[PDB]
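Heads up, model29.pdb below (PDB, C-alpha atoms):
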```
ATOM      1  CA  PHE A  53      43.923 -30.163  -6.852  1.00  0.00           C
ATOM      2  CA  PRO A  54      43.798 -31.233 -10.511  1.00  0.00           C
ATOM      3  CA  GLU A  55      46.038 -28.879 -12.438  1.00  0.00           C
ATOM      4  CA  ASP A  56      44.917 -26.252 -14.930  1.00  0.00           C
ATOM      5  CA  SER A  57      46.600 -23.796 -17.267  1.00  0.00           C
ATOM      6  CA  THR A  58      45.928 -20.248 -18.409  1.00  0.00           C
ATOM      7  CA  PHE A  59      47.673 -17.477 -20.310  1.00  0.00           C
ATOM      8  CA  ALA A  60      46.800 -14.524 -18.071  1.00  0.00           C
ATOM      9  CA  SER A  61      48.150 -13.402 -14.718  1.00  0.00           C
ATOM     10  CA  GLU A  62      45.376 -12.458 -12.307  1.00  0.00           C
ATOM     11  CA  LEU A  63      42.234 -14.508 -11.720  1.00  0.00           C
ATOM     12  CA  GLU A  64      38.895 -12.835 -11.024  1.00  0.00           C
ATOM     13  CA  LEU A  65      35.829 -14.822 -10.007  1.00  0.00           C
ATOM     14  CA  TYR A  66      32.642 -12.782 -10.214  1.00  0.00           C
ATOM     15  CA  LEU A  67      29.732 -14.452  -8.445  1.00  0.00           C
ATOM     16  CA  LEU A  68      26.178 -13.197  -8.998  1.00  0.00           C
ATOM     17  CA  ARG A  69      23.941 -14.201  -6.124  1.00  0.00           C
ATOM     18  CA  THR A  70      20.198 -14.285  -6.709  1.00  0.00           C
ATOM     19  CA  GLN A  71      17.394 -14.538  -4.160  1.00  0.00           C
ATOM     20  CA  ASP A  72      14.277 -14.959  -6.252  1.00  0.00           C
ATOM     21  CA  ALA A  73      10.881 -14.248  -4.731  1.00  0.00           C
ATOM     22  CA  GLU A  74       9.596 -17.503  -3.296  1.00  0.00           C
ATOM     23  CA  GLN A  75       6.227 -18.588  -4.656  1.00  0.00           C
ATOM     24  CA  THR A  76       4.343 -18.547  -1.356  1.00  0.00           C
ATOM     25  CA  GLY A  77       0.854 -17.681  -0.285  1.00  0.00           C
ATOM     26  CA  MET A  78      -2.533 -19.346  -0.371  1.00  0.00           C
ATOM     27  CA  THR A  79      -5.452 -18.208  -2.480  1.00  0.00           C
ATOM     28  CA  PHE A  80      -7.831 -16.010  -0.526  1.00  0.00           C
ATOM     29  CA  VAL A  81     -11.119 -17.510   0.612  1.00  0.00           C
ATOM     30  CA  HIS A  82     -14.324 -15.823  -0.527  1.00  0.00           C
ATOM     31  CA  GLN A  83     -18.001 -16.552  -1.122  1.00  0.00           C
ATOM     32  CA  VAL A  84     -19.594 -16.939  -4.559  1.00  0.00           C
ATOM     33  CA  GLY A  85     -20.986 -13.629  -5.750  1.00  0.00           C
ATOM     34  CA  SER A  86     -18.262 -11.246  -4.650  1.00  0.00           C
ATOM     35  CA  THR A  87     -15.640  -8.906  -6.014  1.00  0.00           C
ATOM     36  CA  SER A  88     -12.134 -10.342  -5.614  1.00  0.00           C
ATOM     37  CA  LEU A  89      -9.356  -8.883  -3.453  1.00  0.00           C
ATOM     38  CA  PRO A  90      -5.742  -8.461  -4.591  1.00  0.00           C
ATOM     39  CA  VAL A  91      -2.543 -10.162  -3.554  1.00  0.00           C
ATOM     40  CA  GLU A  92       0.411  -8.825  -1.595  1.00  0.00           C
ATOM     41  CA  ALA A  93       3.719  -7.568  -2.977  1.00  0.00           C
ATOM     42  CA  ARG A  94       6.873  -9.679  -2.817  1.00  0.00           C
ATOM     43  CA  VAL A  95      10.588  -8.951  -3.061  1.00  0.00           C
ATOM     44  CA  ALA A  96      13.499 -10.351  -5.068  1.00  0.00           C
ATOM     45  CA  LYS A  97      17.133  -9.461  -4.437  1.00  0.00           C
ATOM     46  CA  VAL A  98      20.402  -9.560  -6.388  1.00  0.00           C
ATOM     47  CA  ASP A  99      23.853  -9.334  -4.808  1.00  0.00           C
ATOM     48  CA  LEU A 100      27.257  -9.790  -6.429  1.00  0.00           C
ATOM     49  CA  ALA A 101      30.721 -10.889  -5.343  1.00  0.00           C
ATOM     50  CA  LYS A 102      34.330 -10.258  -6.402  1.00  0.00           C
ATOM     51  CA  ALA A 103      37.289 -12.529  -5.685  1.00  0.00           C
TER      52      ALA A 103
ATOM     53  CA  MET B   1      45.298 -11.939   3.037  1.00  0.00           C
ATOM     54  CA  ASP B   2      47.582 -10.434   0.424  1.00  0.00           C
ATOM     55  CA  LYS B   3      47.904 -12.463  -2.786  1.00  0.00           C
ATOM     56  CA  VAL B   4      44.345 -13.803  -2.684  1.00  0.00           C
ATOM     57  CA  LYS B   5      41.516 -11.405  -1.913  1.00  0.00           C
ATOM     58  CA  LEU B   6      38.274 -13.082  -0.909  1.00  0.00           C
ATOM     59  CA  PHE B   7      34.657 -12.276  -1.686  1.00  0.00           C
ATOM     60  CA  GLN B   8      33.100  -8.869  -1.078  1.00  0.00           C
ATOM     61  CA  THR B   9      29.994  -7.022  -2.259  1.00  0.00           C
ATOM     62  CA  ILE B  10      29.887  -4.321  -4.918  1.00  0.00           C
ATOM     63  CA  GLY B  11      26.162  -3.731  -5.302  1.00  0.00           C
ATOM     64  CA  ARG B  12      23.009  -4.899  -3.569  1.00  0.00           C
ATOM     65  CA  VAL B  13      19.859  -4.385  -5.625  1.00  0.00           C
ATOM     66  CA  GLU B  14      16.610  -5.292  -3.866  1.00  0.00           C
ATOM     67  CA  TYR B  15      13.521  -5.072  -6.063  1.00  0.00           C
ATOM     68  CA  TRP B  16       9.969  -4.879  -4.784  1.00  0.00           C
ATOM     69  CA  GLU B  17       6.639  -5.297  -6.500  1.00  0.00           C
ATOM     70  CA  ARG B  18       3.940  -2.642  -6.594  1.00  0.00           C
ATOM     71  CA  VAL B  19       1.121  -1.390  -4.389  1.00  0.00           C
ATOM     72  CA  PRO B  20      -1.934  -3.593  -5.007  1.00  0.00           C
ATOM     73  CA  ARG B  21      -5.448  -2.332  -5.599  1.00  0.00           C
ATOM     74  CA  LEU B  22      -8.878  -3.732  -6.392  1.00  0.00           C
ATOM     75  CA  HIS B  23      -9.610  -4.687  -9.996  1.00  0.00           C
ATOM     76  CA  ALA B  24     -13.308  -3.830  -9.845  1.00  0.00           C
ATOM     77  CA  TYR B  25     -13.293  -0.538  -7.974  1.00  0.00           C
ATOM     78  CA  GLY B  26     -11.995   1.782 -10.679  1.00  0.00           C
ATOM     79  CA  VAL B  27      -8.993   4.089 -10.561  1.00  0.00           C
ATOM     80  CA  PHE B  28      -9.244   7.835 -11.173  1.00  0.00           C
ATOM     81  CA  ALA B  29      -6.110   9.966 -11.273  1.00  0.00           C
ATOM     82  CA  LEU B  30      -5.082  13.506 -12.201  1.00  0.00           C
ATOM     83  CA  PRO B  31      -1.545  14.888 -12.586  1.00  0.00           C
ATOM     84  CA  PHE B  32      -0.490  17.615 -10.172  1.00  0.00           C
ATOM     85  CA  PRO B  33       2.370  20.108  -9.894  1.00  0.00           C
ATOM     86  CA  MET B  34       4.911  19.520  -7.169  1.00  0.00           C
ATOM     87  CA  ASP B  35       5.540  21.917  -4.311  1.00  0.00           C
ATOM     88  CA  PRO B  36       9.335  22.406  -4.094  1.00  0.00           C
ATOM     89  CA  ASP B  37       9.192  22.989  -0.318  1.00  0.00           C
ATOM     90  CA  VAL B  38       9.321  19.457   1.037  1.00  0.00           C
ATOM     91  CA  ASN B  39      12.188  17.023   0.479  1.00  0.00           C
ATOM     92  CA  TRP B  40      10.747  14.500  -1.967  1.00  0.00           C
ATOM     93  CA  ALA B  41      13.976  12.493  -1.847  1.00  0.00           C
ATOM     94  CA  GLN B  42      13.096  11.729   1.791  1.00  0.00           C
ATOM     95  CA  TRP B  43       9.676  10.330   0.789  1.00  0.00           C
ATOM     96  CA  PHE B  44      11.093   8.213  -2.065  1.00  0.00           C
ATOM     97  CA  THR B  45      14.001   6.506  -0.288  1.00  0.00           C
ATOM     98  CA  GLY B  46      13.298   2.811   0.017  1.00  0.00           C
ATOM     99  CA  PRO B  47      12.585   0.284  -2.709  1.00  0.00           C
ATOM    100  CA  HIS B  48       9.676  -1.025  -0.647  1.00  0.00           C
ATOM    101  CA  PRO B  49       6.282   0.148  -1.949  1.00  0.00           C
ATOM    102  CA  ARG B  50       4.591   2.944  -0.013  1.00  0.00           C
ATOM    103  CA  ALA B  51       1.672   5.259  -0.698  1.00  0.00           C
ATOM    104  CA  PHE B  52       1.308   8.530   1.203  1.00  0.00           C
ATOM    105  CA  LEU B  53      -1.686  10.816   1.011  1.00  0.00           C
ATOM    106  CA  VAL B  54      -1.394  14.233  -0.594  1.00  0.00           C
ATOM    107  CA  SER B  55      -3.120  17.540   0.087  1.00  0.00           C
ATOM    108  CA  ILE B  56      -3.156  20.575  -2.195  1.00  0.00           C
ATOM    109  CA  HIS B  57      -2.346  24.252  -1.741  1.00  0.00           C
ATOM    110  CA  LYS B  58      -5.700  25.895  -2.326  1.00  0.00           C
ATOM    111  CA  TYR B  59      -4.881  29.582  -2.746  1.00  0.00           C
ATOM    112  CA  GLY B  60      -1.748  31.677  -2.523  1.00  0.00           C
ATOM    113  CA  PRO B  61       1.536  31.924  -4.409  1.00  0.00           C
ATOM    114  CA  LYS B  62       1.455  28.164  -5.030  1.00  0.00           C
ATOM    115  CA  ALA B  63      -2.213  27.573  -5.846  1.00  0.00           C
ATOM    116  CA  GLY B  64      -2.481  24.172  -7.538  1.00  0.00           C
ATOM    117  CA  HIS B  65       0.746  22.691  -6.190  1.00  0.00           C
ATOM    118  CA  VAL B  66       0.449  19.625  -3.974  1.00  0.00           C
ATOM    119  CA  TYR B  67       2.411  18.403  -0.980  1.00  0.00           C
ATOM    120  CA  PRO B  68       2.371  15.444   1.438  1.00  0.00           C
ATOM    121  CA  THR B  69      -0.190  15.915   4.145  1.00  0.00           C
ATOM    122  CA  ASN B  70       0.633  16.544   7.792  1.00  0.00           C
ATOM    123  CA  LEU B  71      -1.727  15.147  10.418  1.00  0.00           C
ATOM    124  CA  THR B  72      -1.508  18.258  12.606  1.00  0.00           C
ATOM    125  CA  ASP B  73      -2.449  20.910  10.020  1.00  0.00           C
ATOM    126  CA  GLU B  74      -6.228  21.244   9.904  1.00  0.00           C
ATOM    127  CA  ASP B  75      -6.122  22.852   6.456  1.00  0.00           C
ATOM    128  CA  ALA B  76      -4.044  19.958   5.121  1.00  0.00           C
ATOM    129  CA  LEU B  77      -6.712  17.631   6.477  1.00  0.00           C
ATOM    130  CA  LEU B  78      -9.366  19.807   4.828  1.00  0.00           C
ATOM    131  CA  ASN B  79      -7.521  19.899   1.486  1.00  0.00           C
ATOM    132  CA  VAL B  80      -6.528  16.254   0.930  1.00  0.00           C
ATOM    133  CA  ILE B  81      -6.780  14.989  -2.648  1.00  0.00           C
ATOM    134  CA  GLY B  82      -5.490  11.408  -2.835  1.00  0.00           C
ATOM    135  CA  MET B  83      -2.340   9.351  -2.624  1.00  0.00           C
ATOM    136  CA  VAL B  84       0.612   8.616  -4.892  1.00  0.00           C
ATOM    137  CA  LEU B  85       0.959   4.874  -5.346  1.00  0.00           C
ATOM    138  CA  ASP B  86       3.772   3.685  -7.584  1.00  0.00           C
ATOM    139  CA  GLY B  87       6.513   6.095  -6.504  1.00  0.00           C
ATOM    140  CA  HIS B  88       7.977   8.795  -8.676  1.00  0.00           C
ATOM    141  CA  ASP B  89      11.267  10.163  -9.982  1.00  0.00           C
ATOM    142  CA  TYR B  90      11.207  13.432  -8.049  1.00  0.00           C
ATOM    143  CA  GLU B  91      13.887  15.223 -10.082  1.00  0.00           C
ATOM    144  CA  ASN B  92      13.345  13.875 -13.595  1.00  0.00           C
ATOM    145  CA  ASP B  93      10.010  15.698 -13.474  1.00  0.00           C
ATOM    146  CA  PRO B  94       8.115  17.483 -10.705  1.00  0.00           C
ATOM    147  CA  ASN B  95       4.628  16.655 -11.970  1.00  0.00           C
ATOM    148  CA  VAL B  96       3.218  13.575 -10.210  1.00  0.00           C
ATOM    149  CA  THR B  97       0.139  11.448 -10.916  1.00  0.00           C
ATOM    150  CA  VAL B  98      -2.075  11.568  -7.833  1.00  0.00           C
ATOM    151  CA  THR B  99      -4.791   8.929  -7.723  1.00  0.00           C
ATOM    152  CA  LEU B 100      -8.080  10.404  -6.539  1.00  0.00           C
ATOM    153  CA  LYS B 101     -10.189   7.252  -6.123  1.00  0.00           C
ATOM    154  CA  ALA B 102      -8.822   3.744  -5.527  1.00  0.00           C
ATOM    155  CA  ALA B 103      -8.547   1.069  -2.837  1.00  0.00           C
ATOM    156  CA  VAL B 104      -5.203   0.386  -1.136  1.00  0.00           C
ATOM    157  CA  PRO B 105      -4.565  -2.213   1.638  1.00  0.00           C
ATOM    158  CA  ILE B 106      -4.006  -1.419   5.299  1.00  0.00           C
ATOM    159  CA  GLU B 107      -0.223  -1.774   5.337  1.00  0.00           C
ATOM    160  CA  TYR B 108       0.783   0.098   2.187  1.00  0.00           C
ATOM    161  CA  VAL B 109      -0.014   3.563   3.569  1.00  0.00           C
ATOM    162  CA  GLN B 110       2.850   5.407   5.268  1.00  0.00           C
ATOM    163  CA  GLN B 111       2.277   9.076   5.968  1.00  0.00           C
ATOM    164  CA  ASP B 112       5.275   9.321   8.213  1.00  0.00           C
ATOM    165  CA  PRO B 113       8.407   8.878   6.082  1.00  0.00           C
ATOM    166  CA  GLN B 114      10.451   7.597   9.023  1.00  0.00           C
ATOM    167  CA  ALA B 115       7.928   4.831   9.698  1.00  0.00           C
ATOM    168  CA  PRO B 116       8.240   1.039   9.372  1.00  0.00           C
ATOM    169  CA  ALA B 117       7.679  -0.292   5.882  1.00  0.00           C
ATOM    170  CA  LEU B 118       4.602  -2.328   4.793  1.00  0.00           C
ATOM    171  CA  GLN B 119       3.081  -2.137   8.270  1.00  0.00           C
ATOM    172  CA  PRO B 120      -0.190  -0.274   8.963  1.00  0.00           C
ATOM    173  CA  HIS B 121       0.257   3.270  10.179  1.00  0.00           C
ATOM    174  CA  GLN B 122      -1.428   4.028  13.459  1.00  0.00           C
ATOM    175  CA  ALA B 123      -2.260   7.735  13.264  1.00  0.00           C
ATOM    176  CA  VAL B 124      -3.683   7.314   9.759  1.00  0.00           C
ATOM    177  CA  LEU B 125      -6.112   4.605  10.848  1.00  0.00           C
ATOM    178  CA  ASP B 126      -6.947   6.564  14.004  1.00  0.00           C
ATOM    179  CA  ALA B 127      -7.716   9.713  11.986  1.00  0.00           C
ATOM    180  CA  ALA B 128      -9.521   8.272   8.986  1.00  0.00           C
ATOM    181  CA  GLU B 129     -13.023   9.669   9.454  1.00  0.00           C
ATOM    182  CA  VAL B 130     -11.919  13.304   9.541  1.00  0.00           C
ATOM    183  CA  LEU B 131      -9.697  12.457   6.555  1.00  0.00           C
ATOM    184  CA  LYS B 132     -12.653  10.996   4.569  1.00  0.00           C
ATOM    185  CA  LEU B 133     -11.304   7.460   4.228  1.00  0.00           C
ATOM    186  CA  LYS B 134     -13.211   4.287   5.027  1.00  0.00           C
ATOM    187  CA  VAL B 135     -11.934   0.815   5.893  1.00  0.00           C
ATOM    188  CA  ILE B 136     -14.096  -2.278   5.463  1.00  0.00           C
ATOM    189  CA  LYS B 137     -11.471  -4.917   4.892  1.00  0.00           C
ATOM    190  CA  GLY B 138      -7.867  -3.840   5.285  1.00  0.00           C
ATOM    191  CA  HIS B 139      -8.360  -1.988   2.002  1.00  0.00           C
ATOM    192  CA  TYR B 140      -8.727   1.785   2.400  1.00  0.00           C
ATOM    193  CA  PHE B 141     -11.791   2.714   0.382  1.00  0.00           C
ATOM    194  CA  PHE B 142     -11.792   6.359  -0.640  1.00  0.00           C
ATOM    195  CA  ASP B 143     -13.265   8.706  -3.234  1.00  0.00           C
ATOM    196  CA  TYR B 144     -11.952  12.258  -3.097  1.00  0.00           C
ATOM    197  CA  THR B 145     -13.777  12.905  -6.333  1.00  0.00           C
ATOM    198  CA  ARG B 146     -16.993  12.796  -4.329  1.00  0.00           C
TER     199      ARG B 146
ATOM    200  CA  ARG C  50     -37.038 -10.377  -0.682  1.00  0.00           C
ATOM    201  CA  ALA C  51     -34.032  -8.581   0.799  1.00  0.00           C
ATOM    202  CA  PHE C  52     -32.880  -7.259   4.147  1.00  0.00           C
ATOM    203  CA  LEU C  53     -30.239  -4.862   5.413  1.00  0.00           C
ATOM    204  CA  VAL C  54     -27.269  -6.083   7.439  1.00  0.00           C
ATOM    205  CA  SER C  55     -24.867  -4.325   9.799  1.00  0.00           C
ATOM    206  CA  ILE C  56     -21.268  -5.053  10.801  1.00  0.00           C
ATOM    207  CA  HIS C  57     -20.045  -5.142  14.381  1.00  0.00           C
ATOM    208  CA  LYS C  58     -17.376  -2.571  15.161  1.00  0.00           C
ATOM    209  CA  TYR C  59     -15.847  -4.172  18.244  1.00  0.00           C
ATOM    210  CA  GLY C  60     -16.555  -7.019  20.617  1.00  0.00           C
ATOM    211  CA  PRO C  61     -16.246 -10.791  20.803  1.00  0.00           C
ATOM    212  CA  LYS C  62     -18.226 -11.031  17.552  1.00  0.00           C
ATOM    213  CA  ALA C  63     -16.393  -8.125  15.944  1.00  0.00           C
ATOM    214  CA  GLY C  64     -16.639  -8.269  12.164  1.00  0.00           C
ATOM    215  CA  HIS C  65     -19.814 -10.333  11.842  1.00  0.00           C
ATOM    216  CA  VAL C  66     -23.086  -9.094  10.368  1.00  0.00           C
ATOM    217  CA  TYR C  67     -26.614  -9.137  11.761  1.00  0.00           C
ATOM    218  CA  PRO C  68     -29.876  -7.834  10.263  1.00  0.00           C
ATOM    219  CA  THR C  69     -30.396  -4.134  10.816  1.00  0.00           C
ATOM    220  CA  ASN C  70     -32.736  -3.614  13.745  1.00  0.00           C
ATOM    221  CA  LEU C  71     -34.431  -0.291  13.038  1.00  0.00           C
ATOM    222  CA  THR C  72     -35.066   0.346  16.731  1.00  0.00           C
ATOM    223  CA  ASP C  73     -31.380   0.002  17.649  1.00  0.00           C
ATOM    224  CA  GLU C  74     -28.898   2.847  17.305  1.00  0.00           C
ATOM    225  CA  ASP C  75     -25.835   0.796  16.337  1.00  0.00           C
ATOM    226  CA  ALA C  76     -27.617  -1.128  13.584  1.00  0.00           C
ATOM    227  CA  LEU C  77     -28.728   2.214  12.164  1.00  0.00           C
ATOM    228  CA  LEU C  78     -25.228   3.631  12.582  1.00  0.00           C
ATOM    229  CA  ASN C  79     -23.109   0.648  11.491  1.00  0.00           C
ATOM    230  CA  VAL C  80     -25.216  -0.471   8.518  1.00  0.00           C
ATOM    231  CA  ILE C  81     -22.973  -2.037   5.902  1.00  0.00           C
ATOM    232  CA  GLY C  82     -25.226  -3.276   3.128  1.00  0.00           C
ATOM    233  CA  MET C  83     -27.920  -5.753   2.190  1.00  0.00           C
ATOM    234  CA  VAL C  84     -28.493  -9.334   1.046  1.00  0.00           C
ATOM    235  CA  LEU C  85     -30.363 -10.226  -2.142  1.00  0.00           C
ATOM    236  CA  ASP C  86     -29.757 -13.754  -3.350  1.00  0.00           C
ATOM    237  CA  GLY C  87     -30.822 -15.905  -0.441  1.00  0.00           C
ATOM    238  CA  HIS C  88     -28.596 -18.273   1.440  1.00  0.00           C
ATOM    239  CA  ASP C  89     -28.501 -21.305   3.741  1.00  0.00           C
ATOM    240  CA  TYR C  90     -27.167 -20.641   7.235  1.00  0.00           C
ATOM    241  CA  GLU C  91     -27.148 -24.372   7.943  1.00  0.00           C
ATOM    242  CA  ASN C  92     -24.848 -24.682   4.910  1.00  0.00           C
ATOM    243  CA  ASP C  93     -22.498 -21.749   5.353  1.00  0.00           C
ATOM    244  CA  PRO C  94     -22.269 -18.846   7.807  1.00  0.00           C
ATOM    245  CA  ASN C  95     -20.640 -16.552   5.241  1.00  0.00           C
ATOM    246  CA  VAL C  96     -23.132 -14.461   3.271  1.00  0.00           C
ATOM    247  CA  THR C  97     -22.173 -12.226   0.333  1.00  0.00           C
ATOM    248  CA  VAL C  98     -23.326  -8.741   1.247  1.00  0.00           C
TER     249      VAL C  98
END
```
Using the file provided, produce a representation of the structure as structure tokens.
Amino acid sequence: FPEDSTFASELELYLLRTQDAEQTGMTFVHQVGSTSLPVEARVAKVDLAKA
Amino acid sequence: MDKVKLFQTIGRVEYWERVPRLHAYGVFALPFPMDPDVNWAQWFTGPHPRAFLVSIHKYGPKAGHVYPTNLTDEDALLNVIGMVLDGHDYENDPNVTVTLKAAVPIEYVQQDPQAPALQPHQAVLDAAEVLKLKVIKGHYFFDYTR
Amino acid sequence: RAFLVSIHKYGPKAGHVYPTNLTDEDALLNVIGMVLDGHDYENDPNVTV
């Protein structure tokens, strides 16, 4: 435990957790001369923490 | 325990993307007044994207207002107008943009509000031909303009 | 030339297309489109209807 110094009494650590949407998925297979089809919807999440 | 309090959670914000559609099929939408009868807060709960079909009150005290369709009312099946895609702030304004003609995939339709999210509904796909939809791929092709 | 195709609703070959036989009731009922450009079935079994 290397020592450290501060001027204030209480110590608050606020952690911000982040689950970004993972770049997954393969490009859809189609035949030349066709209208394309769209991609799915993905989710990202943010949670926090107090200590 | 007492002098050191460990980690907890204050807020949990899960953010979804939007309901996909075809680029080269063309979207046609008209804004509609909201029937105050149904609980729109119960259709707009989750952050996950859903898209429920909407019928319209034809004639009466509320002629022009729209409301989410029930699969047991034959008049609601004979008065369907389209689906609401991107969700809506139900109290910041009543008036919602109902898409008449678009193409939405098989899993993003949820006409029961207490249904599993982003999974294909069963009674919708079993009652599509009376409801003037058509599936070719997963994508629900429809044109309630025509 | 061109010719009209028809999807299969259900079966072991459910989803595939075959040319619309005018004498048959399901090809008349389940017609799905037509083929214009020409293709090579020895090259690929996936036509663009």
Just how far from atom CA of residue B:101 is atom CA of residue B:60, in Å to one decimal? 26.1 Å
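Here atom CA of residue C:78 and atom CA of residue B:125 stand 19.2 Å from one another.
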I need the residue set behind the PyMOL selection byres ((chain A and resi 90) around 9) for this file; please write it as a ChimeraX atom specification. /A:80,88-89,91-92 /B:20-23,105
Could you list, as a list in words, every residue matched by the PyMOL selection byres ((chain A) within 8 of (chain B)) in this structure? residues 87, 88, 89, 90, 91, 92, 93, 94, 95, 96, 97, 98, 99, 100, 101, 102 and 103 of chain A
Can you pull out every residue within 12 Å of residue B:121, counting only C-alpha atoms, but drop anything in the same chain fewer than 6 positions away, and send it as a ChimeraX atom specification? /B:50-52,105-115,127-128,138,140
Because the input lacks atoms here, generate N, CA and C atoms for stretch 67-85 of chain A and report them as a short mmCIF file (atom, residue, chain, number, x, y, z; two decimals), in the coordinates of the input.
```cif
data_model
loop_
_atom_site.label_atom_id
_atom_site.label_comp_id
_atom_site.auth_asym_id
_atom_site.auth_seq_id
_atom_site.Cartn_x
_atom_site.Cartn_y
_atom_site.Cartn_z
N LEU A 67 30.92 -13.69 -8.80
CA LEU A 67 29.73 -14.45 -8.44
C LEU A 67 28.53 -13.52 -8.42
N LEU A 68 27.42 -13.96 -9.01
CA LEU A 68 26.18 -13.20 -9.00
C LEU A 68 25.16 -13.98 -8.19
N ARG A 69 24.90 -13.54 -6.98
CA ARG A 69 23.94 -14.20 -6.12
C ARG A 69 22.54 -13.70 -6.45
N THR A 70 21.56 -14.59 -6.30
CA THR A 70 20.20 -14.28 -6.71
C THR A 70 19.23 -14.90 -5.72
N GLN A 71 18.48 -14.07 -5.02
CA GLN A 71 17.39 -14.54 -4.16
C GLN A 71 16.09 -14.18 -4.85
N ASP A 72 15.55 -15.13 -5.59
CA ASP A 72 14.28 -14.96 -6.25
C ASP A 72 13.14 -14.95 -5.23
N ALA A 73 12.03 -14.34 -5.62
CA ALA A 73 10.88 -14.25 -4.73
C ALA A 73 10.19 -15.60 -4.66
N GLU A 74 10.09 -16.15 -3.46
CA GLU A 74 9.60 -17.50 -3.30
C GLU A 74 8.09 -17.53 -3.52
N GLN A 75 7.64 -18.48 -4.33
CA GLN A 75 6.23 -18.59 -4.66
C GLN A 75 5.46 -19.12 -3.46
N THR A 76 5.01 -18.22 -2.60
CA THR A 76 4.34 -18.55 -1.36
C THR A 76 2.90 -18.07 -1.43
N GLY A 77 2.19 -18.21 -0.33
CA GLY A 77 0.85 -17.68 -0.28
C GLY A 77 -0.21 -18.67 -0.69
N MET A 78 -1.36 -18.56 -0.04
CA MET A 78 -2.53 -19.35 -0.37
C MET A 78 -3.57 -18.43 -1.00
N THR A 79 -4.43 -19.00 -1.83
CA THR A 79 -5.45 -18.21 -2.48
C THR A 79 -6.51 -17.82 -1.46
N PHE A 80 -6.95 -16.56 -1.54
CA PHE A 80 -7.83 -16.01 -0.53
C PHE A 80 -9.21 -16.65 -0.61
N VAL A 81 -9.83 -16.85 0.54
CA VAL A 81 -11.12 -17.51 0.61
C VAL A 81 -12.22 -16.47 0.50
N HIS A 82 -13.21 -16.74 -0.35
CA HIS A 82 -14.32 -15.82 -0.53
C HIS A 82 -15.57 -16.64 -0.82
N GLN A 83 -16.71 -15.95 -0.86
CA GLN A 83 -18.00 -16.55 -1.12
C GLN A 83 -18.45 -16.19 -2.53
N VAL A 84 -19.18 -17.11 -3.17
CA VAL A 84 -19.59 -16.94 -4.56
C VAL A 84 -20.54 -15.76 -4.68
N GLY A 85 -20.23 -14.85 -5.60
CA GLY A 85 -20.99 -13.63 -5.75
C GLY A 85 -20.31 -12.47 -5.06
#
```
